[PDB]
file coords-v9.tsv (TSV, C-alpha atoms and all ligand atoms)
chain	number	residue	atom	x	y	z
A	1	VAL	CA	-3.62	15.97	3.05
A	2	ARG	CA	-3.77	15.49	6.83
A	3	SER	CA	-2.10	12.08	7.00
A	4	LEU	CA	-0.96	9.21	4.82
A	5	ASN	CA	-1.17	5.46	5.31
A	6	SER	CA	1.01	2.98	3.37
A	7	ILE	CA	0.51	-0.77	3.37
A	8	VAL	CA	2.96	-3.42	2.09
A	9	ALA	CA	3.89	-7.08	2.77
A	10	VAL	CA	7.67	-7.80	2.84
A	11	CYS	CA	9.85	-10.90	3.25
A	12	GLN	CA	13.05	-11.23	5.24
A	13	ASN	CA	15.25	-9.77	2.51
A	14	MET	CA	12.86	-6.77	2.13
A	15	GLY	CA	11.58	-8.07	-1.18
A	16	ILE	CA	8.09	-7.02	-2.28
A	17	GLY	CA	7.93	-8.35	-5.83
A	18	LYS	CA	9.34	-10.70	-8.45
A	19	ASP	CA	8.66	-10.80	-12.24
A	20	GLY	CA	5.69	-8.47	-12.02
A	21	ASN	CA	3.99	-10.34	-9.14
A	22	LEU	CA	4.54	-11.14	-5.42
A	23	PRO	CA	7.50	-13.29	-4.47
A	24	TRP	CA	5.30	-15.83	-2.60
A	25	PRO	CA	2.28	-17.88	-3.71
A	26	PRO	CA	-1.12	-16.70	-2.54
A	27	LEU	CA	-1.72	-16.02	1.17
A	28	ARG	CA	-5.50	-15.68	1.44
A	29	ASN	CA	-5.74	-14.20	4.91
A	30	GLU	CA	-2.90	-11.69	4.37
A	31	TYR	CA	-4.59	-10.49	1.16
A	32	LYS	CA	-8.01	-10.15	2.93
A	33	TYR	CA	-6.22	-8.02	5.58
A	34	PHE	CA	-4.97	-5.69	2.82
A	35	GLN	CA	-8.50	-5.52	1.34
A	36	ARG	CA	-10.10	-4.81	4.67
A	37	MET	CA	-7.59	-2.17	5.65
A	38	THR	CA	-7.67	-0.23	2.38
A	39	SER	CA	-11.43	-0.60	1.80
A	40	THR	CA	-12.72	0.40	5.27
A	41	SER	CA	-13.72	4.04	5.65
A	42	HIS	CA	-14.96	5.51	8.96
A	43	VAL	CA	-17.49	7.85	7.40
A	44	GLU	CA	-20.70	6.99	5.63
A	45	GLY	CA	-20.75	8.36	2.13
A	46	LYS	CA	-16.93	8.45	1.73
A	47	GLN	CA	-14.52	5.90	0.20
A	48	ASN	CA	-10.73	5.54	0.67
A	49	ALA	CA	-8.32	6.40	-2.12
A	50	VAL	CA	-5.46	4.05	-3.11
A	51	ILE	CA	-2.44	5.47	-4.95
A	52	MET	CA	-0.11	3.20	-6.90
A	53	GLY	CA	2.53	3.07	-9.60
A	54	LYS	CA	2.01	1.88	-13.19
A	55	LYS	CA	3.55	-1.60	-12.76
A	56	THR	CA	1.50	-2.21	-9.61
A	57	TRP	CA	-1.68	-1.26	-11.51
A	58	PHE	CA	-0.90	-3.68	-14.32
A	59	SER	CA	0.02	-6.43	-11.79
A	60	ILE	CA	-3.68	-6.71	-10.88
A	61	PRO	CA	-5.55	-9.14	-13.10
A	62	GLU	CA	-7.65	-7.06	-15.52
A	63	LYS	CA	-11.02	-8.36	-14.46
A	64	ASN	CA	-10.26	-7.34	-10.87
A	65	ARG	CA	-9.54	-3.64	-11.75
A	66	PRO	CA	-10.20	-1.16	-10.35
A	67	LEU	CA	-9.80	-2.38	-6.77
A	68	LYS	CA	-13.47	-2.35	-5.72
A	69	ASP	CA	-14.81	0.27	-3.39
A	70	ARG	CA	-11.82	2.62	-3.42
A	71	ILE	CA	-10.88	5.48	-5.77
A	72	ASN	CA	-7.88	4.23	-7.81
A	73	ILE	CA	-5.11	6.67	-8.74
A	74	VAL	CA	-2.22	5.50	-10.89
A	75	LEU	CA	1.05	7.47	-11.06
A	76	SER	CA	2.88	7.70	-14.40
A	77	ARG	CA	5.24	10.15	-16.07
A	78	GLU	CA	4.68	8.46	-19.45
A	79	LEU	CA	0.92	7.87	-19.76
A	80	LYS	CA	-1.41	10.44	-21.21
A	81	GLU	CA	-4.78	9.22	-19.90
A	82	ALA	CA	-5.79	6.98	-16.97
A	83	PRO	CA	-5.50	3.31	-17.94
A	84	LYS	CA	-8.91	1.70	-18.53
A	85	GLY	CA	-10.58	1.22	-15.18
A	86	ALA	CA	-8.57	3.66	-13.08
A	87	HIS	CA	-10.31	6.77	-11.76
A	88	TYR	CA	-7.37	9.23	-12.05
A	89	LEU	CA	-3.90	9.55	-13.52
A	90	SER	CA	-1.36	11.82	-11.77
A	91	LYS	CA	2.21	12.66	-12.74
A	92	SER	CA	3.71	12.68	-9.27
A	93	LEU	CA	2.57	12.13	-5.68
A	94	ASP	CA	2.37	15.90	-5.19
A	95	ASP	CA	-0.22	16.06	-7.97
A	96	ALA	CA	-2.10	13.09	-6.59
A	97	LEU	CA	-2.08	14.96	-3.27
A	98	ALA	CA	-3.34	18.25	-4.74
A	99	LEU	CA	-6.05	16.29	-6.64
A	100	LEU	CA	-7.22	14.73	-3.37
A	101	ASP	CA	-7.64	18.13	-1.72
A	102	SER	CA	-9.59	19.40	-4.75
A	103	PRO	CA	-13.23	20.29	-4.12
A	104	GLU	CA	-14.85	17.38	-5.93
A	105	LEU	CA	-12.74	14.69	-4.16
A	106	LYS	CA	-12.13	16.14	-0.72
A	107	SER	CA	-15.74	15.63	0.20
A	108	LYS	CA	-15.70	12.11	-1.21
A	109	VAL	CA	-12.53	10.64	0.26
A	110	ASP	CA	-11.86	9.37	3.76
A	111	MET	CA	-8.42	7.72	3.91
A	112	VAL	CA	-5.50	7.87	1.50
A	113	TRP	CA	-3.51	4.59	1.25
A	114	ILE	CA	-0.17	4.22	-0.58
A	115	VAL	CA	-0.03	0.74	-2.11
A	116	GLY	CA	3.36	0.85	-3.90
A	117	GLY	CA	5.71	0.09	-5.56
A	118	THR	CA	9.14	1.18	-4.38
A	119	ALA	CA	9.39	4.70	-5.74
A	120	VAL	CA	5.82	5.44	-4.52
A	121	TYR	CA	6.51	4.26	-0.97
A	122	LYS	CA	9.74	6.19	-0.93
A	123	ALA	CA	8.19	9.48	-2.07
A	124	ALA	CA	5.37	9.15	0.49
A	125	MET	CA	7.74	8.32	3.31
A	126	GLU	CA	9.73	11.46	2.66
A	127	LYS	CA	6.80	13.95	2.84
A	128	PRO	CA	6.85	15.85	6.14
A	129	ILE	CA	3.31	14.73	6.96
A	130	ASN	CA	1.84	12.36	9.56
A	131	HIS	CA	1.98	8.78	8.32
A	132	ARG	CA	1.20	5.29	9.49
A	133	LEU	CA	2.92	2.38	7.77
A	134	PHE	CA	1.25	-0.98	8.03
A	135	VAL	CA	3.88	-3.64	7.42
A	136	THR	CA	3.32	-7.38	7.08
A	137	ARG	CA	6.63	-9.09	7.88
A	138	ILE	CA	6.73	-12.58	6.24
A	139	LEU	CA	9.31	-14.51	8.24
A	140	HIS	CA	10.93	-16.16	5.24
A	141	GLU	CA	13.08	-15.36	2.26
A	142	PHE	CA	11.78	-15.49	-1.30
A	143	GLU	CA	13.74	-14.45	-4.38
A	144	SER	CA	12.74	-10.93	-5.24
A	145	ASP	CA	13.70	-8.34	-7.81
A	146	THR	CA	11.83	-5.38	-6.21
A	147	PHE	CA	12.46	-4.19	-2.59
A	148	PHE	CA	10.88	-1.93	-0.01
A	149	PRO	CA	12.95	1.20	0.67
A	150	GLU	CA	14.70	1.68	4.02
A	151	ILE	CA	12.45	3.07	6.76
A	152	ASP	CA	13.98	5.69	9.07
A	153	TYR	CA	13.60	4.14	12.52
A	154	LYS	CA	14.22	7.56	14.06
A	155	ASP	CA	11.09	8.92	12.37
A	156	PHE	CA	8.87	5.84	12.17
A	157	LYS	CA	8.28	4.39	15.64
A	158	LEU	CA	6.92	0.83	15.86
A	159	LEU	CA	3.65	0.77	17.84
A	160	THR	CA	3.32	-2.10	20.36
A	161	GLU	CA	-0.38	-2.32	19.63
A	162	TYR	CA	-2.99	-0.80	17.37
A	163	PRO	CA	-6.74	-1.28	17.09
A	164	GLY	CA	-7.78	-4.24	14.98
A	165	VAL	CA	-4.31	-5.54	14.17
A	166	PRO	CA	-3.53	-8.96	15.58
A	167	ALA	CA	-0.44	-9.02	17.79
A	168	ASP	CA	0.65	-12.65	17.53
A	169	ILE	CA	2.61	-14.28	14.75
A	170	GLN	CA	0.22	-15.52	12.11
A	171	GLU	CA	0.66	-18.65	10.04
A	172	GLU	CA	-0.86	-19.79	6.79
A	173	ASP	CA	0.22	-22.30	4.22
A	174	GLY	CA	3.18	-23.29	6.36
A	175	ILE	CA	4.43	-19.69	6.40
A	176	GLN	CA	4.57	-17.29	9.39
A	177	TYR	CA	4.13	-13.54	9.32
A	178	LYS	CA	3.46	-10.70	11.71
A	179	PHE	CA	1.64	-7.39	11.37
A	180	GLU	CA	3.44	-4.20	12.43
A	181	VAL	CA	2.37	-0.55	12.41
A	182	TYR	CA	4.94	2.24	12.36
A	183	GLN	CA	3.91	5.84	13.00
A	184	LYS	CA	5.63	9.05	11.99
A	185	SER	CA	4.36	12.24	13.72
A	186	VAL	CA	5.11	15.73	12.42
B	1	LIG	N1	4.31	-6.80	-1.54
B	1	LIG	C1	3.63	-5.70	-1.72
B	1	LIG	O1	3.04	-5.13	-0.78
B	1	LIG	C2	3.66	-4.99	-3.00
B	1	LIG	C3	2.99	-3.61	-3.09
B	1	LIG	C4	3.10	-3.11	-4.50
B	1	LIG	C5	3.72	-3.77	-5.44
B	1	LIG	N2	4.33	-4.98	-5.28
B	1	LIG	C6	5.10	-5.57	-6.45
B	1	LIG	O2	6.13	-4.66	-6.93
B	1	LIG	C7	6.19	-4.72	-8.36
B	1	LIG	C8	5.65	-3.33	-8.85
B	1	LIG	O3	6.58	-2.47	-8.21
B	1	LIG	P1	7.58	-1.42	-8.87
B	1	LIG	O4	8.28	-0.85	-7.78
B	1	LIG	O5	8.46	-2.12	-9.71
B	1	LIG	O6	6.61	-0.50	-9.65
B	1	LIG	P2	5.58	0.71	-9.49
B	1	LIG	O7	6.03	1.62	-8.43
B	1	LIG	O8	4.32	-0.02	-9.23
B	1	LIG	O9	5.63	1.28	-10.98
B	1	LIG	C9	6.61	2.13	-11.49
B	1	LIG	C10	6.02	3.18	-12.48
B	1	LIG	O10	5.32	3.87	-11.82
B	1	LIG	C11	5.36	5.32	-12.14
B	1	LIG	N3	5.76	5.99	-10.92
B	1	LIG	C12	6.31	5.32	-9.89
B	1	LIG	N4	6.60	6.10	-8.87
B	1	LIG	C13	6.26	7.40	-9.43
B	1	LIG	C14	6.22	8.85	-8.84
B	1	LIG	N5	6.66	9.19	-7.63
B	1	LIG	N6	5.76	9.80	-9.61
B	1	LIG	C15	5.33	9.42	-10.84
B	1	LIG	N7	5.27	8.24	-11.43
B	1	LIG	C16	5.76	7.25	-10.65
B	1	LIG	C17	6.42	5.35	-13.23
B	1	LIG	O11	5.76	4.99	-14.40
B	1	LIG	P3	6.17	5.58	-15.86
B	1	LIG	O12	7.46	4.80	-16.14
B	1	LIG	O13	5.09	5.36	-16.76
B	1	LIG	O14	6.59	6.94	-15.50
B	1	LIG	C18	7.27	4.15	-12.75
B	1	LIG	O15	7.95	3.44	-13.85
B	1	LIG	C19	5.29	-5.93	-8.76
B	1	LIG	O16	6.18	-7.11	-8.64
B	1	LIG	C20	4.28	-5.94	-7.62
B	1	LIG	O17	3.80	-7.27	-7.47
B	1	LIG	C21	4.26	-5.62	-4.01
B	2	LIG	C1	-2.38	-3.62	-4.83
B	2	LIG	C2	-1.57	-4.84	-5.21
B	2	LIG	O1	-2.21	-5.99	-4.61
B	2	LIG	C3	-0.23	-4.74	-4.44
B	2	LIG	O2	0.56	-5.77	-4.84
B	2	LIG	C4	-0.25	-4.82	-2.92
B	2	LIG	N1	-0.29	-6.06	-2.35
B	2	LIG	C5	-0.25	-6.14	-0.97
B	2	LIG	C6	-0.26	-4.96	-0.25
B	2	LIG	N2	-0.24	-4.92	1.11
B	2	LIG	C7	-0.31	-6.18	1.77
B	2	LIG	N3	-0.35	-6.20	3.12
B	2	LIG	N4	-0.38	-7.29	1.02
B	2	LIG	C8	-0.37	-7.41	-0.36
B	2	LIG	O3	-0.40	-8.54	-0.96
B	2	LIG	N5	-0.13	-3.75	-0.79
B	2	LIG	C9	-0.15	-3.75	-2.09
B	3	CA	CA	9.00	4.30	-17.56
call {"tool": "encode", "arguments": {"input": "coords-v9.tsv", "output": "structure tokens"}}
result
Amino acid sequence: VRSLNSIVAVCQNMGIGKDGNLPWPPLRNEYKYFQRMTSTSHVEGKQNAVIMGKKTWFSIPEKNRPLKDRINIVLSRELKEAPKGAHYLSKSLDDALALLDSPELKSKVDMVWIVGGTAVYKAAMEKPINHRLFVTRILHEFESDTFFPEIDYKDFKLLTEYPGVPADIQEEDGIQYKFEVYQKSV
């Protein structure tokens, strides 16, 4: 594919999950940002694709699956068929990537977003392809059991601004966070 996008929200310890869910209670505005970013295509007639791991898939309440308006791909080495509601099952990112470029999809897909978890982010970060990482930094610590992998600051440069991403510190429910965009160029 031409370029990847990854989106994640992380707390001060780099935690992204806890017991199958997020480490913090619901943040409405942060979640709508994720929805807007992943859902918005810049081409009429195309939709974005979201790739995620098996635990992330199952972390979404059943009635809310598949994430509306996007093509859902789940990654799994153990499953045989796409879980009920997902559009495609792939055995590795490479395969999800090759699927995307296939004839039937290529013409249907605008952006590719990586939505986690850990091993998915890591794999995508390592591909020698152009990539933008949209990070929400939550300026607090929450107990976590799942963490975001280390980003190579020599490769991923923090942008000082980017179209449609607020620059100031945000606050909601007594919590502060900031949006950051890192860009890797090959
Ligand atoms: N804060 C956030 O932005 C954010 C984003 C996503 C998730 N989360 C949280 O993180 C947790 C889910 O994360 P996780 O890291 O534990 O799980 P995951 O990445 O969602 O799921 C792991 C399963 O995914 C499959 N898989 C993962 N990477 C693979 C690859 N490269 N190729 C093939 N299959 C691969 C494997 O399934 P098989 O074992 O079947 O092979 C692996 O066991 C939940 O707590 C969720 O709430 C938070
Ligand atoms: C897709 C499922 O919601 C998953 O937990 C994700 N959550 C978030 C995300 N990205 C942000 N910014 N916020 C979330 O809450 N990426 C993935
Ligand atoms: Ca497993």
call {"tool": "residues_near_ligand", "arguments": {"input": "coords-v9.tsv", "ligand": "ligand LIG 1 (chain B)", "cutoff": "8 Å", "atoms": "all atoms listed in the file", "output": "MDAnalysis selection string"}}
result
chainID A and resid 7:10 15:23 52:57 59 74:79 90:93 115:123 145:147
call {"tool": "closest_residue", "arguments": {"input": "coords-v9.tsv", "among": "A:160, A:170, A:48, A:102", "to": "residue 139 of chain A", "atoms": "only C-alpha atoms"}}
result
A:170
call {"tool": "atom_distance", "arguments": {"input": "coords-v9.tsv", "atom1": "atom CA of residue 172 of chain A", "atom2": "atom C1 of ligand LIG 2 (chain B)"}}
result
20.0 Å
call {"tool": "closest_residue", "arguments": {"input": "coords-v9.tsv", "among": "A:157, A:84, A:137, A:108", "to": "ligand LIG 2 (chain B)", "atoms": "all atoms listed in the file"}}
result
A:137
call {"tool": "atom_distance", "arguments": {"input": "coords-v9.tsv", "atom1": "atom CA of residue 46 of chain A", "atom2": "atom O3 of ligand LIG 2 (chain B)"}}
result
23.9 Å
call {"tool": "closest_residue", "arguments": {"input": "coords-v9.tsv", "among": "A:109, A:158, A:100, A:165", "to": "ligand LIG 2 (chain B)", "atoms": "only C-alpha atoms and all ligand atoms"}}
result
A:165
call {"tool": "decode", "arguments": {"input": "coords-v9.tsv", "residues": "segment 14-46 of chain A", "atoms": "N, CA and C atoms", "output": "PDB file, in the first residue's frame"}}
result
ATOM      1  N   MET A  14       2.299   4.533  29.047  1.00  0.00           N
ATOM      2  CA  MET A  14       2.278   3.932  27.724  1.00  0.00           C
ATOM      3  C   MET A  14       1.249   2.828  27.638  1.00  0.00           C
ATOM      4  N   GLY A  15       0.408   2.774  28.649  1.00  0.00           N
ATOM      5  CA  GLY A  15      -0.646   1.741  28.694  1.00  0.00           C
ATOM      6  C   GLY A  15      -1.733   2.042  27.684  1.00  0.00           C
ATOM      7  N   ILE A  16      -2.301   1.031  27.051  1.00  0.00           N
ATOM      8  CA  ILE A  16      -3.372   1.158  26.106  1.00  0.00           C
ATOM      9  C   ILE A  16      -4.587   0.322  26.467  1.00  0.00           C
ATOM     10  N   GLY A  17      -4.440  -0.596  27.413  1.00  0.00           N
ATOM     11  CA  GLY A  17      -5.515  -1.500  27.772  1.00  0.00           C
ATOM     12  C   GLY A  17      -5.426  -2.109  29.139  1.00  0.00           C
ATOM     13  N   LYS A  18      -6.577  -2.638  29.604  1.00  0.00           N
ATOM     14  CA  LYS A  18      -6.504  -3.291  30.955  1.00  0.00           C
ATOM     15  C   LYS A  18      -7.667  -4.256  31.038  1.00  0.00           C
ATOM     16  N   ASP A  19      -7.457  -5.549  31.305  1.00  0.00           N
ATOM     17  CA  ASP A  19      -8.593  -6.506  31.386  1.00  0.00           C
ATOM     18  C   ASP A  19      -9.485  -6.573  30.172  1.00  0.00           C
ATOM     19  N   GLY A  20      -8.923  -6.407  28.973  1.00  0.00           N
ATOM     20  CA  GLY A  20      -9.794  -6.502  27.802  1.00  0.00           C
ATOM     21  C   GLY A  20     -10.426  -5.183  27.442  1.00  0.00           C
ATOM     22  N   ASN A  21     -10.224  -4.103  28.151  1.00  0.00           N
ATOM     23  CA  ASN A  21     -10.869  -2.817  27.800  1.00  0.00           C
ATOM     24  C   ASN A  21      -9.839  -1.709  27.884  1.00  0.00           C
ATOM     25  N   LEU A  22     -10.237  -0.475  27.911  1.00  0.00           N
ATOM     26  CA  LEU A  22      -9.330   0.696  28.034  1.00  0.00           C
ATOM     27  C   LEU A  22      -9.036   0.871  29.512  1.00  0.00           C
ATOM     28  N   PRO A  23      -7.926   1.498  29.840  1.00  0.00           N
ATOM     29  CA  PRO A  23      -7.585   1.679  31.244  1.00  0.00           C
ATOM     30  C   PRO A  23      -8.370   2.812  31.859  1.00  0.00           C
ATOM     31  N   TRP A  24      -8.991   3.670  31.108  1.00  0.00           N
ATOM     32  CA  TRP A  24      -9.768   4.815  31.692  1.00  0.00           C
ATOM     33  C   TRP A  24     -11.245   4.649  31.367  1.00  0.00           C
ATOM     34  N   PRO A  25     -12.104   5.277  32.130  1.00  0.00           N
ATOM     35  CA  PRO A  25     -13.552   5.274  31.850  1.00  0.00           C
ATOM     36  C   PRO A  25     -13.753   6.071  30.569  1.00  0.00           C
ATOM     37  N   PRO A  26     -14.961   6.090  30.061  1.00  0.00           N
ATOM     38  CA  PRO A  26     -15.248   6.668  28.772  1.00  0.00           C
ATOM     39  C   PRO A  26     -14.911   8.119  28.639  1.00  0.00           C
ATOM     40  N   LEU A  27     -14.266   8.509  27.577  1.00  0.00           N
ATOM     41  CA  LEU A  27     -13.947   9.877  27.172  1.00  0.00           C
ATOM     42  C   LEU A  27     -14.670  10.062  25.818  1.00  0.00           C
ATOM     43  N   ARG A  28     -15.778  10.711  25.876  1.00  0.00           N
ATOM     44  CA  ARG A  28     -16.688  10.856  24.721  1.00  0.00           C
ATOM     45  C   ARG A  28     -16.074  11.517  23.545  1.00  0.00           C
ATOM     46  N   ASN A  29     -15.474  12.669  23.738  1.00  0.00           N
ATOM     47  CA  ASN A  29     -14.826  13.476  22.728  1.00  0.00           C
ATOM     48  C   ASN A  29     -13.603  12.785  22.144  1.00  0.00           C
ATOM     49  N   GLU A  30     -12.828  12.106  22.937  1.00  0.00           N
ATOM     50  CA  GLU A  30     -11.631  11.399  22.406  1.00  0.00           C
ATOM     51  C   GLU A  30     -12.098  10.268  21.481  1.00  0.00           C
ATOM     52  N   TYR A  31     -13.104   9.573  21.898  1.00  0.00           N
ATOM     53  CA  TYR A  31     -13.690   8.456  21.106  1.00  0.00           C
ATOM     54  C   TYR A  31     -14.273   9.017  19.831  1.00  0.00           C
ATOM     55  N   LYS A  32     -15.042  10.081  19.868  1.00  0.00           N
ATOM     56  CA  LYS A  32     -15.551  10.695  18.582  1.00  0.00           C
ATOM     57  C   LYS A  32     -14.417  11.124  17.666  1.00  0.00           C
ATOM     58  N   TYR A  33     -13.273  11.491  18.208  1.00  0.00           N
ATOM     59  CA  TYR A  33     -12.107  11.866  17.351  1.00  0.00           C
ATOM     60  C   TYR A  33     -11.622  10.631  16.571  1.00  0.00           C
ATOM     61  N   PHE A  34     -11.520   9.521  17.310  1.00  0.00           N
ATOM     62  CA  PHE A  34     -11.125   8.227  16.711  1.00  0.00           C
ATOM     63  C   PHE A  34     -12.096   7.829  15.611  1.00  0.00           C
ATOM     64  N   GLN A  35     -13.392   7.950  15.843  1.00  0.00           N
ATOM     65  CA  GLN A  35     -14.443   7.647  14.879  1.00  0.00           C
ATOM     66  C   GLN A  35     -14.340   8.501  13.621  1.00  0.00           C
ATOM     67  N   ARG A  36     -14.159   9.788  13.860  1.00  0.00           N
ATOM     68  CA  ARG A  36     -14.072  10.736  12.766  1.00  0.00           C
ATOM     69  C   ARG A  36     -12.854  10.484  11.928  1.00  0.00           C
ATOM     70  N   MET A  37     -11.734  10.296  12.571  1.00  0.00           N
ATOM     71  CA  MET A  37     -10.474  10.050  11.861  1.00  0.00           C
ATOM     72  C   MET A  37     -10.521   8.768  11.051  1.00  0.00           C
ATOM     73  N   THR A  38     -10.905   7.664  11.605  1.00  0.00           N
ATOM     74  CA  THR A  38     -10.932   6.407  10.890  1.00  0.00           C
ATOM     75  C   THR A  38     -12.020   6.322   9.843  1.00  0.00           C
ATOM     76  N   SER A  39     -13.160   6.935  10.069  1.00  0.00           N
ATOM     77  CA  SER A  39     -14.322   6.880   9.187  1.00  0.00           C
ATOM     78  C   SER A  39     -14.226   7.809   7.959  1.00  0.00           C
ATOM     79  N   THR A  40     -13.578   8.944   8.077  1.00  0.00           N
ATOM     80  CA  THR A  40     -13.520   9.915   6.992  1.00  0.00           C
ATOM     81  C   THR A  40     -12.578   9.611   5.873  1.00  0.00           C
ATOM     82  N   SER A  41     -13.175   9.357   4.706  1.00  0.00           N
ATOM     83  CA  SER A  41     -12.488   9.124   3.425  1.00  0.00           C
ATOM     84  C   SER A  41     -12.449  10.391   2.589  1.00  0.00           C
ATOM     85  N   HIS A  42     -11.499  10.591   1.726  1.00  0.00           N
ATOM     86  CA  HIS A  42     -11.489  11.831   0.903  1.00  0.00           C
ATOM     87  C   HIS A  42     -11.901  11.543  -0.518  1.00  0.00           C
ATOM     88  N   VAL A  43     -12.668  10.487  -0.704  1.00  0.00           N
ATOM     89  CA  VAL A  43     -13.046  10.128  -2.097  1.00  0.00           C
ATOM     90  C   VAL A  43     -14.398   9.511  -2.083  1.00  0.00           C
ATOM     91  N   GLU A  44     -15.291  10.098  -2.847  1.00  0.00           N
ATOM     92  CA  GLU A  44     -16.692   9.603  -2.865  1.00  0.00           C
ATOM     93  C   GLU A  44     -16.673   8.215  -3.430  1.00  0.00           C
ATOM     94  N   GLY A  45     -17.458   7.339  -2.807  1.00  0.00           N
ATOM     95  CA  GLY A  45     -17.483   5.955  -3.324  1.00  0.00           C
ATOM     96  C   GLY A  45     -16.462   5.066  -2.657  1.00  0.00           C
ATOM     97  N   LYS A  46     -15.534   5.596  -1.875  1.00  0.00           N
ATOM     98  CA  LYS A  46     -14.560   4.687  -1.163  1.00  0.00           C
ATOM     99  C   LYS A  46     -14.770   4.782   0.339  1.00  0.00           C
TER     100      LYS A  46
END
